[PDB]
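# The data below comprise the sequence and an experimental structure of the protein.
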Amino acid sequence: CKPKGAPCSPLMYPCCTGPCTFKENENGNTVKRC
């Protein structure tokens, strides 16, 4: 799994944090990206 601070992907990279956030920099920026 991707921990917070690590780059997740919307579909194919489940996070060990809540939702896969800021995964794509085009959505804003890749801050925690998980």
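Arrived safely. Residues are numbered from 1 along each chain as shown.

# how deep is the residue nearest to residue 3 when sequence neighbours are not counted tucked in, by neighbour count?
Leaving aside its chain neighbours, residue 3 sits nearest to residue 16 (5.0 Å; criterion: Cβ to Cβ, 6 or more residues apart in numbering). All C-beta spots, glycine's among them, are computed from the backbone N, C-alpha and C. Residue 16: 11 surrounding residues under other Cβ atoms under 10 Å.

# Return the distance of residue 16 relative to residue 9.
14 Å (Cβ to Cβ, to the nearest Å).

# Then residue 3?
14 Å.

# cool, residue 18 as well?
Taken as Cβ to Cβ, the span from residue 18 to residue 9 is 15 Å.

# These two: who's more crowded?
residue 9 (14 against 8).

# The more buried one reaches residue 30, doesn't it?
No: judged on Cβ atoms under 8 Å, residue 9 makes no contact with residue 30 at a distance of 11.4 Å.

# anything in contact with each of these two?
The contact sets of residue 9 and residue 30 overlap at residue 23 (Cβ atoms under 8 Å, 6 or more residues apart in numbering).

# quick one: residue 7 from residue 14, how far?
Where residue 14 is concerned, residue 7 sits at a distance of 13 Å (Cβ to Cβ).

# So which of these two has more stuff around it?
A count of neighbours by other Cβ under 10 Å puts residue 7 above the other of residue 7 and residue 14, at 16 against 12.

# leaving aside the residues next to it on the chain, what's closest to the more buried one?
Per Cβ to Cβ, 6+ apart, closest to residue 7 is residue 33, 4.6 Å.

# In this structure that neighbour contacts residue 22, no?
Yes: taking Cβ under 8 Å as the definition, residue 33 is a contact partner of residue 22 at 4.8 Å.

# okay, those two: which has more neighbours?
More crowded of residue 33 and residue 22, by other Cβ under 10 Å: residue 33, with 21 against 17.
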